[PDB]
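Asks: When you get a sec, could you give me coordinates for this:
(2 chains)
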Amino acid sequence: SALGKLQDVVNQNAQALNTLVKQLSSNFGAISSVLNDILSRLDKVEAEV
Amino acid sequence: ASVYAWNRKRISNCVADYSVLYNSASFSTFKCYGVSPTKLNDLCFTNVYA
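Replies: Residues are numbered from 1 along each chain as shown, chains lettered A, B, ... in the order given. Next comes the structure:
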């Protein structure tokens, strides 16, 4: 429990990287979160949208 | 079928072609959603419901 300041500085950066990675699984209104689905399912005119 | 009474077929374990469908002039309209018609021949499906 003593090194709480240093362990928190490790924890905040690990939470920031894990949040940055988890946002790769989000859709943002696209047909899939996986870019290779979109490119294997659609033609350029739909895919680029 | 009447439209209140539509008939459904499950397509079972098989290999297909969709280009014989999407290149045919027999159809007055051929829309698709979530996929391109021209791209269907690269895919596979867990089922098709017709």
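
Asks: Can you pull the residues of chain B lying near chain A?
Replies: Neighbours of chain A within chain B, by C-beta under 8 Å from any C-beta of the partner chain: B:34, B:35, B:36, B:38, B:39, B:42, B:43. From N, CA and C alone the C-beta is placed, and that goes for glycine too.

Asks: could I have stretch A:30-38 exported to PDB, CA atoms only?
Replies: Output in PDB follows, covering the C-alpha atoms of stretch A:30-38 (Å, rounded to 0.1, in the frame of the first residue of the first chain):
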ATOM      1  CA  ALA A  30     -20.000   1.300 -39.700                       C
ATOM      2  CA  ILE A  31     -21.300  -2.100 -40.900                       C
ATOM      3  CA  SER A  32     -18.500  -3.900 -38.800                       C
ATOM      4  CA  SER A  33     -15.800  -3.000 -36.300                       C
ATOM      5  CA  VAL A  34     -13.500  -5.200 -38.400                       C
ATOM      6  CA  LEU A  35     -12.000  -3.400 -41.500                       C
ATOM      7  CA  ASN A  36     -11.500  -6.700 -43.400                       C
ATOM      8  CA  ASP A  37     -15.200  -7.500 -43.200                       C
ATOM      9  CA  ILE A  38     -16.000  -4.200 -44.900                       C
END
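
Asks: Please see if it touches chain B.
Replies: Yes - when contact is scored as C-beta under 8 Å from any C-beta, part of stretch A:30-38 falls within range of chain B: residue A:31.

Asks: what about whichever residue of chain B sits closest to chain A, neighbour count?
Replies: Of all residues in chain B, residue B:36 sits closest to chain A, with a separation of 4.4 Å (C-beta to the nearest C-beta). Counted with other C-beta atoms under 10 Å in any protein chain shown, residues neighbouring residue B:36 total 18.

Asks: With that, I have no additional questions.
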